[PDB]
Amino acid sequence: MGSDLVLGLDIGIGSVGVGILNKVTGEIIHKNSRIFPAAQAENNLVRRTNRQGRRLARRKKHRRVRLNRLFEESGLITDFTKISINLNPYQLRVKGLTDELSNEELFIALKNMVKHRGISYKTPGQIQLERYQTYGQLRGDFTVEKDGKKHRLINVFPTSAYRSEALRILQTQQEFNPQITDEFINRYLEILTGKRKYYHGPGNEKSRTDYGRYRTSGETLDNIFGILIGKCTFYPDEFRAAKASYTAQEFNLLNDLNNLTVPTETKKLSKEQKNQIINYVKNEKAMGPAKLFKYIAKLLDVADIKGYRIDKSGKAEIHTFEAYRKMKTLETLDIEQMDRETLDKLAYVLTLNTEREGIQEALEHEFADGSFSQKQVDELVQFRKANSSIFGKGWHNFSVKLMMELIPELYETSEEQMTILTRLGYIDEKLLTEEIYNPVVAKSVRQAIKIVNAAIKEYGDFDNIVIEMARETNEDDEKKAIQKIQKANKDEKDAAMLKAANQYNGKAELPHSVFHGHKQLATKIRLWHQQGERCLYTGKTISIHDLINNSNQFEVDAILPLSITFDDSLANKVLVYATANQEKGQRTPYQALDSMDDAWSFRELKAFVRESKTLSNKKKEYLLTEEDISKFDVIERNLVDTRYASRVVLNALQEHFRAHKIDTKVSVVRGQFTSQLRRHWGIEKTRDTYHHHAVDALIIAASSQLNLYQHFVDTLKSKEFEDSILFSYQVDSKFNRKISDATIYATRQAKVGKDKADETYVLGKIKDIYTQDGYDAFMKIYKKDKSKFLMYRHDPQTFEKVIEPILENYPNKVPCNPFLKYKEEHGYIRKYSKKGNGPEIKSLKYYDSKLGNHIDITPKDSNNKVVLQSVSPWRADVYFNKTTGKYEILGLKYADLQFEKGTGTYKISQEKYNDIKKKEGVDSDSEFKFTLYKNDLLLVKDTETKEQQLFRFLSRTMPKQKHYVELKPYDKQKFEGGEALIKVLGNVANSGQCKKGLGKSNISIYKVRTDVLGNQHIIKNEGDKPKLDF
RNA sequence: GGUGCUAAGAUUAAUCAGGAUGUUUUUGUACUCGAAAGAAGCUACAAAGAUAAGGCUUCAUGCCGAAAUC
DNA sequence: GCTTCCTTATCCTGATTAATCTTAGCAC
DNA sequence: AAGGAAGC
Ligand SMILES: [Ba+2]
Ligand SMILES: [Ba+2]
Ligand SMILES: [Ba+2]
Ligand SMILES: [Ba+2]
Ligand SMILES: [Ba+2]
Ligand SMILES: [Ba+2]
Ligand SMILES: [Ba+2]
Ligand SMILES: [Ba+2]
Ligand SMILES: [Ba+2]
Ligand SMILES: [Ba+2]
Ligand SMILES: [Mg+2]
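Residues numbered from 1 in each chain as written, not as in the entry; some residues may be left out. Chains lettered and ligands numbered in written order. Heavy atoms only, no water. Residues with missing side-chain atoms left out of burial classes, pairs and counts.

Method of determination, as annotated in the archive: X-ray crystallography, at 3.0000 Å resolution.

Put into structure tokens, the structure is as follows:
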């Protein structure tokens, strides 16, 4: 308490409120808001989804390149330039089963099998070819109306079936005597069915990649998840200990016993007493929780024992050396023949590894050569799987090293682990967040520490540092209610396991074979029991015999899709048949159920849902929302990440204010107090503005010095307050973010509307005209300009003689879909033809927008440019032209940077940079001022009037409009629309988006940089040339 | 109040292994025109190619590219 | 040139490590 | 949300 200043922090996923106040005077010395959108770090799910998607399409292509190399070595084909892409590979995969195929014809049968090699956890070619013949289609997720009923097929088969089929084809071809060796057949089946292990990942011995096993340092890990194991609580360079290890079992039971309270001289047990119990249970075969307590009664009365962990339902529980007991059951070994650190090691190998090929490898590379026999590793493999429930329990918070120190002291001194430990006895934000793999938390952590390191730097050491926390303080009636639910959840788990075992065996438990390769049944079963054994989309029943023995037929569907909601809870989850899940797509049951070919009706869903008591409240809300959710609309992931980030700063601070003897108090406030206090104090929260972070932090810094005020509150409601608040934003300099919309667009030459000659038009298509979203789109184009539909122009027969007659004679009514009302009656609208022929009509392409700025991705094949659109920007280089006295803004995009051919570096070249300079309006003899990145700050001053406004940058918008820029407000997230600006800029557009051009005659622009606290300083001296150092 | 060991309930994150699509190019068949040859490139199915722009070297269970670093 | 408007690809299967909150027992 | 052509 050497100083008098108090610091408070309101740490979020996308903001950090800052606030300093004198605990004595009550003055507000500093209020500040640091803003870094969490949206960028949360995009990591998009990065991982696209990285794994890239690896799958890469390996699917490689599988057919290896096949091309196989056909050269075997000498079956040498010139691949004349292979025909127009035969029937499904028919060739049936002819080859009995009759002989050409080498070319065989290459077509195997390549087709390699491109779709099925899942892996009548041959397929015969099942497929027959779907081709009777339905006209194989691929994907489509509907069939057989036996007078609507059913749904998908092109999914097991890789064992494809392998079986492939092997039959190739042997039948061996009977016809070519270069089909037996090594040819083996190598092909490896291409077809070969797969990597989840614990090895990508690469080989030469392709070193730190995502996978073959590390770039040279190490070759046995398992890529071993390095992800947590570290010791107290020896941070010691890996944790398996909970099935001997050491962790020993430590846990001792700390269990020392916590007991028994009728003895010291009310606790003795060193000699511990040893007998440790020794008794180690040597007794069956050991439960209460059977151990009966043994404690002999060494004394069971109801006289106190101080023990309890079950959710009130049963007592205790450690049992269970792992150890079940290990003595090994016949080809004996745990008694092994010491501690080879028994501890056996739990490390059997816990991290879950499959045969992984256990066998770790036993060789961690245990000395010849320490295990092929007969002994056999039993251990079968032993690991037979007791996955015990080895799937994880890792102790302590390393072995720590317990080896804390175990003898646990025997002798009779104190529990915490008592023992005490007796024994500028923050680097990057080091604190080195091994925290959560870019949201790690960012919002690194930001909060970068502030105190900069607040101390300019305010000296603080008296106190307060941090709002997201915890609870439930009362006795409230704390009782929580465990009431927690028990009811664990009960309905086992209620479903019981319900499952009664209907599968009739017995009380389920065989452990049943959970191999299906670790998710205990949750699939819990949903099968909530839904009353019913599929909530088809209405068909779910039999645990199919749910267990043919679980391919089911998928766990997110009710409200994950792409929109990001709700990963149980309430957003149902167990339904697979084909029903795929037909649903990215929809809610409301949007989807009625328009599904195979399914219930929304009405029958509404019926079943509120006619059941086993379902949940939150699950009933989510199953029936008639709400048109979408992702472009004004989550639990945000609450977990806040608690995480806040706690890391709290712990890291108190630990820092100890070993460095700075001795600054580090206190804590809760959310219920600061929100109540906010009402009591003067808290008028401004609308949608970043002010409330800086003021919340001041309440945080004030709720501490509370015991010791009116001046401060008076000051808080001051007129001149929301004006003095400072704001600071984290600039985004990164290149190589998402470069464009993923949609691959086609273009055509046409004349539309007020057009004189040909013009390159980007196409759009209406994916489905039998939906109210697909019909609406049709009418919009139809009223505006019928000819936009490529059909009208290139097939007027179908338009004038099929579509217009349908538009006239069909209900249109609440609005309804005319095309759908035809589908129910006559089926899919068919293209015009004579003999009743003509294919179905499901989609309609039209001419939509003219081609403008794009990225070209046009095949060498194409008769038309194929392009990418909405090209995301990187930075803007601001120049000044002394002649005209105007500014000249050059815009760079993510897609202007490239990996260079020769060198391989990711960069942009002066040649390309100068070509962009040219077309952007920047004169080759103009002076560079500064570069603007995302969320840099501008100052824009009128020179005619000297009126000025502070903006923050978004990007350089509109390439046709030179020197145009989209800007964003200094104090809030976005503009309202119609907001007024300096005279020369006018008002913002009534949509919010402030898109103005900064190339006018008398305007002066200056770059503004700020620290993490909001200390602004002007810039114009950034350099001679722009920075392009890569 | 903070914190530790344990256990469970709830919710998340990081990373790996795979499936089936979707987008688009080309080709073939069907549909429309033509006596055919073919034309058209609409509409449907199928195959083949591309699939963030783009790069790597070690020639393959090949590797990297939408995060972080400010 | 300036402002208004339209638009934007997904559903799953298997596995491991880690984190936070909460309730319980014990302790500093 | 923000890229960027449409619409005037
Ligand atoms: Ba586990
Ligand atoms: Ba309360
Ligand atoms: Ba569309
Ligand atoms: Ba976009
Ligand atoms: Ba506590
Ligand atoms: Ba042609
Ligand atoms: Ba394809
Ligand atoms: Ba590529
Ligand atoms: Ba114009
Ligand atoms: Ba557009
Ligand atoms: Mg779904």
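Next comes the rest of the description.
As for the overall build of chain A
Broken down by element type, chain A carries 37 helices and 26 strands. In terms of overall dimensions, chain A has a C-alpha envelope of 105 × 90 × 65 Å along the principal axes. (Helix = DSSP H or I, 4+ residues; strand = E, 2+ residues; numbered from the N terminus.)

Considering the coordination of the magnesium ion (ligand 11)
With distances of 2.2 to 2.3 Å, the protein atoms coordinating the magnesium ion (ligand 11) are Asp557 (OD) and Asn581 (OD1). Taken together, the residues span a long stretch of sequence, with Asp557 in strand β7 (residues 554-557) and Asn581 in helix α25 (residues 578-584) at a distance of 24 residues. By relative accessible area, which is 13% here, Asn581 ends up buried. (Donors = N, O, S within 2.8 Å, 3.2 Å for Na, K, Ca; no water. Buried < 20%, exposed > 50% of the residue type's maximum accessible area, 1.4 Å probe, protein only.)

Some points on the sheet that holds strand β1 (residues 5-11)
A sheet is described by the order of its strands in space; here six strands give the open sequence β9-β6-β1-β2-β3-β10, paired in mixed fashion. Only two strands of the sheet have a single partner each, and these edge strands are β9 (665-670) and β10 (726-729). Adjacent strand axes in the sheet meet at a mean angle of 20 degrees, parallel and antiparallel pairs treated alike. As paired strands, strand β2 (residues 15-22) and strand β3 (residues 28-35) are joined by seven bridges and run antiparallel to one another. Among the inter-strand pairings, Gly17 is bridged to a residue of β3, identified as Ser33. Here helix α20 (residues 439-459) sits on the sheet and contacts β1, β2 and β3; the angle it forms with β1, its principal contact strand, is near 165 degrees. (Pairing = 2+ DSSP bridges. Axes fitted to C-alpha atoms, helices over the stretch in contact; angles between N-to-C directions. Contact = heavy atoms within 4.5 Å.)

Considering the side chain of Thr957
By the secondary structure assignment, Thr957 is in the loop between β22 (948-955) and β23 (964-969). A distance of 3.2 Å separates a polar side-chain atom of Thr957 from the backbone nitrogen of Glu966. (Polar contact = N/O pair within 3.5 Å; in protein donor to acceptor, adjacent residues only side chain to side chain.)

Focus on the sheet that holds strand β16 (residues 873-881)
The strand order β17-β16-β20 describes an open sheet built from three strands, whose pairing is antiparallel. At either margin of the open sheet sits one strand with a lone partner, and together these are β17 (886-893) and β20 (927-932). Ignoring which end each strand starts from, the neighbouring axes of this sheet average 25 degrees apart. Direction of pairing for β16 relative to β20: antiparallel, over a ladder of five bridges. In the sheet register, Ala876 faces β20, and the bridge partner there is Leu932. Packed on one face of the sheet, helix α37 (residues 910-920) meets β16 and β17 and runs near 130 degrees to β17.

Notes on the nonpolar core
The biggest cluster of nonpolar side chains holds 54 residues, and the ones touching the most others in it are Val281, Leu363 and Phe398. In this view, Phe398 contacts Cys232, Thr233, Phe234, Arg240, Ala241, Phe251, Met403, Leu406 and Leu421; residues no more than four positions away in its chain are not counted. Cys535, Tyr577, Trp600 and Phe602 belong to the second largest nonpolar core, which has 39 residues in total. (Core = buried A, V, L, I, M, F, W, Y, C linked by side-chain atoms within 4.5 Å.)

Observations regarding the packing of aromatic side chains
Inspection of the entire model under this criterion finds 41 aromatic pairs. Geometrically, the ring pair formed by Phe383 and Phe391 is edge-to-face, given 5.9 Å between the ring centres and 75 degrees between the ring planes. Feature note: the residues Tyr775, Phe778, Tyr782, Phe789, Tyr792, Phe799 and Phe819 constitute an aromatic cluster, connected by ring pairs. When the ring centre of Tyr832 is taken as origin, the NZ or CZ atom of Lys801, which lies over that ring, is 3.7 Å away. (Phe/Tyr/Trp six-rings, centres within 6.5 Å; stacked < 30°, edge-to-face > 60°. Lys NZ or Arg CZ within 6 Å of the ring centre and 35° of its normal.)

Comments concerning a nonpolar patch on the surface
On the surface, a nonpolar cluster with roughly 560 Å² of combined accessible area is contributed by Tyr198, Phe225, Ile227, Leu228 and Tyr437. For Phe225, the location among the structural elements is in the loop between α7 (182-193) and α8 (246-258). Overall, the relative accessible area of 34% leaves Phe225 in the partly exposed class. (Patch = residues over 30% accessible without salt bridge, like charges linked within 9 Å, V, L, I, M, F, W, Y side chains within 5 Å. Areas by Shrake-Rupley, 256 points an atom, 1.4 Å probe, with all protein chains shown as cover. Salt bridge = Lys/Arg side-chain N within 4 Å of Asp/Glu carboxyl O.)

A few points about unusual backbone geometry
In this structure, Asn177 takes a positive phi of about 75 degrees despite not being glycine. Its location among the elements puts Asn177 in the loop between α6 (159-174) and α7. You can call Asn177 exposed: its relative accessible area is 66%. Positive phi, close to 70 degrees, is recorded for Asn935, a residue that is not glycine. Locating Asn935 in the fold gives a position in the loop between β20 and β21 (937-942). By relative accessible area, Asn935 is classed as buried at 5%.

A few points about the protein's contact with DNA strand C
Contacts to DNA strand C come from 60 residues, most closely from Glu472, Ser563, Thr743, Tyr964 and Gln993. Taking all atoms of DNA strand C within 4 Å of the protein, the share assigned to sugar and phosphate is 81%. One of the backbone N or O atoms of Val556 is found 2.8 Å from a phosphate oxygen in DNA strand C. Mapped by element, the contributors of at least two residues to the surface near DNA strand C are α18 (417-424), α21 (476-504), β7, α25, α29 (636-659) and β24 (994-997). For the surface near DNA strand C, the residue count by class is 22 nonpolar, 19 polar and 19 charged. (Near = heavy atom within 4 Å. Nonpolar A, V, L, I, M, F, W, Y, C, P; charged D, E, K, R; others polar.)

Let's talk about the pattern of salt bridges
Evaluated as defined, the whole model comprises 49 salt bridges. Between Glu317 and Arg309 there is a salt bridge whose closest N-O contact spans 3.5 Å. Judged by its relative accessible area of 25%, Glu317 is partly exposed. In this structure, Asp936 engages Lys1007 in a salt bridge whose closest nitrogen and oxygen atoms are separated by 3.9 Å.

With respect to the protein's contact with RNA strand B
Of all residues adjacent to RNA strand B, which total 146 residues, the nearest are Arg48, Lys195, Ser207, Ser733 and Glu840. Close to the protein, within 4 Å, the atoms of RNA strand B belong to sugar or phosphate groups at a rate of 78%. Contact distances for RNA strand B include 2.9 Å between a phosphate oxygen and a side-chain N or O atom of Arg647. Within the side chain of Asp732, a nitrogen or oxygen atom sits 2.8 Å from a base nitrogen of RNA strand B. When residues of the surface near RNA strand B are assigned to their parent elements, the largest contribution, 19 residues, is made by helix α2 (residues 44-73). Among the residues forming the surface near RNA strand B, the class breakdown is 45 nonpolar, 44 polar and 57 charged.

Some points on the packing of helix α13 (residues 356-366) against helix α14 (residues 374-386)
It is at 10 Å that the axes of α13 and α14 come closest, and there the two elements cross at 130 degrees. By the angle between their axes, α13 is oblique relative to α14. The handedness of the crossing between α13 and α14 is right-handed. Contacts between α13 and α14 involve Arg356, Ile359, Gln360 and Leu363 from the former and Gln374, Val377, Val381, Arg384 and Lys385 from the latter. Taken together, the residues that form the contact of α13 with α14 break down as four nonpolar, two polar and three charged. (Parallel < 35°, antiparallel > 145°, perpendicular 65-115°, else oblique. Left-handed = near helix turned anticlockwise from the far one by under 90°.)

Here's the deal with the environment of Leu560
Here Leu560 lies in the loop between β7 and α24 (562-565). Overall, the relative accessible area of 7% leaves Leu560 in the buried class. Excluding anything up to four places from it in sequence, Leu560 contacts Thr565, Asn572, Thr588, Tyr622, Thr625 and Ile629.

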